[PDB]
Every structure is written in structure tokens, then in C-alpha cells.
J.: 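One structure is given below, represented as C-alpha cells, and several questions about it will come after.
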Amino acid sequence: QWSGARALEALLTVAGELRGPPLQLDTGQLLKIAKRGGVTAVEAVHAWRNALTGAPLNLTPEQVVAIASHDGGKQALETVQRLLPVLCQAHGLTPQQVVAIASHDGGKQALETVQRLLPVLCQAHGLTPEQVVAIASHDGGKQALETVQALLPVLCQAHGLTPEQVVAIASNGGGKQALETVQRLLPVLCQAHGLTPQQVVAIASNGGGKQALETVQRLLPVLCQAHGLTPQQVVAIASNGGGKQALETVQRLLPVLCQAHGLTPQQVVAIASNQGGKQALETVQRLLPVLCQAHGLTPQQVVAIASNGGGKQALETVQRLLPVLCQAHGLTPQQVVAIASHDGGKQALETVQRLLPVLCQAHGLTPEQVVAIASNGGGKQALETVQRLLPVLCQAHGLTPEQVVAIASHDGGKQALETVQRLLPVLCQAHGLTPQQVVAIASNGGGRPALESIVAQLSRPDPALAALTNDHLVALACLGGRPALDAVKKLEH
DNA sequence: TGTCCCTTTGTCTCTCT
DNA sequence: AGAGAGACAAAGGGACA
């Protein structure tokens with residue numbers, strides 16, 4: 001018989017119990033732990049169900065699932081209950097920071113290494129705890145911490161990088177590989193091809209940073225003479241997760257796409273310059289003629305859809321959903337293209353298909369409004385949040401549907417909507433801002449942190465901004481959000 | 001296998017102006 | 001408002017004990 005049978009059975013026996021107190025996990029959360037943390041992780045969560053939930057740690061189930069759903073999850077769980085007090089008392093980290101460090105493959109290694117190396121990293125190397133946490137919060141975080149300790153001096157001194165740059169390089173999966181490749185390849189890339197340190201840092205600062213740097217070195221000559229690419233265009237392609245794959249695919253498919261479809265190299269670069277660019281290119285080669293047939297989508301529209309992260313997913317989803325969204329939902333092809341032309345286009349298309357009739361019939365929005373909500377990165381999240389929160393925001397908080405749609409119609413719209421529902425009362429009743437001002441602050445990208453920064457300043461006033469009135473602070477917060485307040489917070493110093 | 005580390009792709013959020 | 005950064009997640013492969 002199949003050997004995985006006993007184990008699968010054990011998985012299900014134990015999984016059944018976890019639906020009960022004190023954790024109560026759903027099928028989705030249980031699948032997740034099983035898929036990545038495996039069987040021993042599911043058994044571990046059960047074994048330490050009580051010791052984590054409340055006294056004296058007090059971890060939410062969502063947090064227990066986050067620690068458990070990785071390779072070694074069992075080990076991370078044991079280590080968290082051991083090291084979270086140590087790290088919150090002896091180094092002053094928050095439980096959230098400890099959880100974030102724990103929530104990656106080999107989390108036990110990262111936590112123990114942070115416990116070991118944080119003092120030497122802050123004292124002898126002048127890093128902040130936040131920076132130590134960031135470095136540590138990726139797979140192989142133990143390796144990245146140890147490589148930062150060893151290579152920070154030689155990277156700042158012999159190679160001219162700032163600590164911030166070293167931290168940025170180190171704070172991805174395979175950070176150790178990226179750091180080491182930069183030490184070796186920075187003079188080669190700078191002095192042989194005229195790249196700035198900053199361009200090299202940008203290449204190095206993604207997962208697979210090492211792969212992308214080595215690929216830039218190899219392919220930069222062939223890309224710049226033969227295919228007529230600018231060093232600037234090559235750097236942009238390489239400056240993305242899986243840069244190596246995007247680069248190699250650009251060399252392959254640039255002439256093919258240009259000659260056979262009439263795309264410019266500028267358009268090709270834009271398709272290639274996201275995470276999964278490789279996938280976006282190969283999909284365009286296949287799918288463009290299919291999308292463009294019968295006077296359907298123009299090439300230019302296919303390029304736009306292609307030119308975002310997961311462009312492959314967006315392209316395929318349009319091919320599937322263009323007819324059913326146009327015909328049965330009364331959308332123009334142009335509107336479908338608008339919704340698809342953002343990171344997560346696939347998610348957003350699917351969510352419009354599912355929710356357009358609900359939001360229209362049940363909540364009284366127009367299609368135009370639904371499209372406007374959908375037509376940003378994270379459009380799925382914003383649509384789901386408008387569905388959840390429109391009744392409370394309008395009925396309990398006074399807002400018009402028009403104001404809710406405005407808040408929702410930017411990247412982070414979900415975050416903006418949730419924060420408004422959360423902070424509207426204290427902003428208006430405790431400090432006298434008008435609802436229209438709160439809406440105004442929140443109706444920009446970065447709505448959430450702009451609102452948080454404002455609430456911070458009115459509940460624990462920094463003298464640095466006391467010279468500003470509430471209205472001035474509002475105008476500032478609408479002008480440039482949290483960064484503008486923060487800058488002002490300094491300009492005064 | 002269980003654990004650790006590395007790489008790619010997809011999605012979401014905030015910044016920079 | 002569009003490009004850039006970066007953060008978080010899901011999933012697969014190498015390595016090894």
C-alpha cells in the first residue's frame with residue numbers, strides 16, 4: 001500500500017481537533033500548515049496549542065499559523081515560546097517583530113541568530129534593531145545576519161556602500177548570496193560597464209539578487225550592442241525578482257516580438273521589467289495574436305496588460321473573461337483592459353466578475369464605480385473591503401457612497417477603508433476634524449499611514465508640529481501623507 | 001523525511017513627486 | 001497619477017542529516 005497513508009491519516013486525526021479550542025482553524029489554514037510545515041508542524045501546533053494562545057505569550061491563531069506554515073515550523077514553534085520573552089525583554093523587540101522573524105523556513109535559526117547577534121550588530125556595527133529584524137525576517141535570515149556582521153565593514157569601506165544599502169541587499173531571501181556577489185561584482189559592474197553603486201544595489205536587492213547580478217555581468221555586453229539596449233534599460237529589467245529569468249528571456253524574445261508583432265524595444269523592456277517578466281514575455285508571444293484577432297484588443301492594450309507583475313496571469317484571465325465580462329456584465333473591452341493593467345490584474349478581474357452584480361444591486365454602485373475601485377493594484381482587496389464596509393461606513397459613520405468609493409480607489413484602498421472605519425470617530429469627536437477632511441486625507445495612496453500619522457500627532461503631540469494648526473496638518477497630510485509630516489517633523493529640528 | 005537555504009513568480013501596499 | 005521600492009506569500013529545488 002501507499003506509504004503516505006498512515007501519515008495522511010495522522011494529519012487528519014490531529015487536524016480535526018485543531019478546529020476546536022483554543023485555536024479553531026478552518027480548512028484553508030489547516031491545508032496551508034500541512035502543505036508547508038507538513039505533518040510534524042500540524043502535530044506541533046496541536047501539542048503546544050495552549051502554551052501559545054494566551055498566558056503568557058498571547059499569540060493569535062493567525063500568528064500561530066504564520067509560524068507553523070514553513071519548513072521547520074515545528075522548530076520555529078518551540079523556539080518562539082522559548083525566545084519571544086528573551087527578545088522582548090533583553091532586546092526590546094515587540095511580539096509582532098518576533099513573530100515576523102519566526103515566520104520563514106528555518107525560523108528557529110533566524111530567532112537564535114538574532115538573539116545571538118543583535119547586540120554585536122547594534123553596538124559594534126551601528127545597526128538599529130529595526131534593521132536587524134528586517135535582515136532576519138527572510139528565509140536564511142541566519143545566513144544573512146552572519147554575512148552582514150562579516151561583510152558590513154568591507155562593503156562600506158572598500159566598496160563605498162552605506163549601511164542602509166548593505167541592509168537593503170541583505171533583506172531578501174538568499175541575502176548572504178546577494179551580499180557576497182556584490183562584494184565581488186561591484187567593481188566589475190561599475191568600472192567595466194559604468195553602473196553606479198546605486199544601480200548595482202538595486203539589482204542586488206531582490207530574491208535571487210546573486211543570479212541577477214551575475215546575469216547582468218554576462219549579458220550586458222550582448223544586450224547593449226546586438227539588441228541596441230541601453231545600460232539603463234538592462235538595469236531596469238534586472239532590478240526585479242527573477243531578474244536573471246527576465247534578462248535571458250529578453251535576449252531570446254526581443255527580436256521575435258519586435259519583428260513579428262511590431263513592438264518597440266521600449267515596450268519589450270516594460271513587459272520584462274516586473275517580477276515574472278519572463279512569464280509576461282512568453283505569454284505575449286503566444287497570446288497577442290489571439291487577443292488582437294477580429295479587430296479585438298489592439299497590440300498597445302496587450303502591452304499595457306502585460307506590463308505589470310503577474311502580467312501572464314492578467315493576460316490569460318482577460319482571454320478567458322473578456323467575452324463574459326463584456327457581454328454579460330455590460331463592460332467595454334476598454335474597461336476590462338483598465339482593470340487588468342495593474343499588479344494582480346487576474347485577481348481583480350475575477351473579483352469584478354464575482355462582485356460587480358452584488359455591488360450594483362445590493363449596494364447601489366455603478367459599474368463605473370466598481371471599475372474605478374478595481375482599477376488599482378490590490379483592486380481585489382479594495383473591492384472586498386467596499387463590500388464588507390460600505391454599510392458601516394455609510395450607516396454608522398455618516399459617509400456617502402461616493403466618499404467610500406473615493407477612499408477605495410487607490411492602491412491600498414483596503415487599508416485606507418479599514419483605517420477610516422477605525423479612526424474616523426477619534427479624529428472627528430476627540431479632535432474636531434470634519435468627516436470631509438478625514439476622507440480627503442484617506443483618498444490618496446498611503447491613506448492608512450497618513451491617517452495614523454495624524455492621529456499620532458493629535459494624541460501624543462510632537463512639539464515639532466505644534467506650530468501647525470489642525471487644518472495645516474490636514475493640508476500637509478493630503479499633500480504628501482506620512483512622508484510630508486515626517487519631513488516637516490525634521491525640517492523643524 | 002525534516003530542516004535549512006536559495007530562487008522565481010504573483011500579489012499587495014506605500015513612496016516619490 | 002505613473003515608476004520605483006519593498007513587503008508578504010506560495011511553491012519548488014538543492015543540500016544534508
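Each chain gets a letter, A, B and so on, in the order the sequences are listed, and its residues count up from 1. What you see below is based on every heavy atom in this structure, not just the backbone, and it leaves out hydrogens, waters and symmetry mates.
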J.: Between the main-chain N or O of A:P231 and the side-chain N or O of A:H193, is there a donor-acceptor pair closer than 3.5 Å?
T.: no
J.: Using atom CD of A:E180 as one end and atom P of B:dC5 as the other, report the distance to the nearest whole Å.
T.: 13 Å
J.: Can you measure A:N274 atom CG to B:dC12 atom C1' for me and round it to whole angstrom units?
T.: 14 Å
J.: Over how many whole Å does the gap from A:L479 atom CG to B:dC16 atom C1' extend?
T.: 12 Å
J.: Among residues at least two apart in sequence or on other chains, which ones pass salt bridge (charged side-chain N to carboxylate O under 4.0 Å, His left out) with A:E164?
T.: none
J.: Output a table of donor-acceptor pairs, distance under 3.5 Å, between side-chain atoms of residues 450-457 of chain A and any protein atom two or more places apart or on a different chain; print 'none' if there are none.
T.:
unit_1	atom_1	unit_2	atom_2	d
A:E452	OE2	A:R448	NH1	3.3
A:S453	OG	A:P449	O	3.1
A:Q457	OE1	A:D462	N	2.8
A:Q457	NE2	A:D462	O	3.1

J.: According to salt bridge (charged side-chain N to carboxylate O under 4.0 Å, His left out), who are the partners of A:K74, at least two apart in sequence or on a separate chain?
T.: none
J.: What are the atom names and distances for every N/O pair under 3.5 Å that joins the protein to nucleotides 2-4 of chain B?
T.:
unit_1	atom_1	unit_2	atom_2	d
B:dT3	OP1	A:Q75	NE2	2.7
B:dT3	OP2	A:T40	OG1	3.3
B:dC4	OP1	A:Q109	NE2	2.9
B:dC4	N4	A:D71	OD2	2.9

J.: Return a table of donor-acceptor pairs under 3.5 angstrom between the side chains of residues 474-491 of chain A and protein atoms on other chains or two or more places apart.
T.:
none

J.: If I take atom NE2 in residue A:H410 and atom P in nucleotide B:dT15, what distance separates them, rounded to the nearest angstrom?
T.: 14 Å
J.: Examine B:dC5: is either OP1 or OP2 under 4.0 Å from a nitrogen or oxygen in the side chain of A:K176? Give yes or no.
T.: no
J.: Taking CD1 from A:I271 and P from B:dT9, how many angstroms apart are they, rounded to a whole number?
T.: 15 Å
J.: Between the protein and nucleotides 15-17 of chain C, are there any N/O to N/O pairs under 3.5 Å, and if so, what are the atom names and distances?
T.:
none

J.: Just how far, in rounded Å, is P of B:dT7 from CG of A:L213?
T.: 10 Å
J.: What's the CD-P distance between A:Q198 and B:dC16, to the nearest Å?
T.: 14 Å
J.: What residues, two or more places apart in sequence or in another chain, satisfy side chain to side chain donor-acceptor pair (under 3.5 Å) together with A:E492?
T.: none
J.: If the condition is side chain to side chain donor-acceptor pair (under 3.5 Å), which residues does A:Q211 pass it with, not counting sequence neighbours?
T.: A:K244
J.: Identify, with sequence neighbours excluded, every residue that meets side chain to side chain donor-acceptor pair (under 3.5 Å) alongside A:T128.
T.: A:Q131
J.: If the condition is salt bridge (charged side-chain N to carboxylate O under 4.0 Å, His left out), which residues does A:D411 pass it with, not counting sequence neighbours?
T.: none
J.: Measure the distance from CG on A:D486 to P on B:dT15 and round it to the nearest whole Å.
T.: 9 Å
J.: Using five base pairs at each end, measure the axis-to-axis angle across the helix from B:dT1-C:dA17 to B:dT17-C:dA1 and round it to 10 degrees.
T.: 20°
J.: Residues two or more places apart in sequence or in another chain: which of them pass salt bridge (charged side-chain N to carboxylate O under 4.0 Å, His left out) with A:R218?
T.: A:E248
J.: Identify which nucleotide among C:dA5, C:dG6, B:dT11 has an atom closest to any side-chain atom of A:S205, counting heavy atoms from C-beta outward.
T.: C:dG6
J.: Applying side chain to side chain contact (heavy atoms under 4.5 Å, CB included) between A:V268 and each of A:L229, A:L254, A:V284, report the one that passes.
T.: A:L254
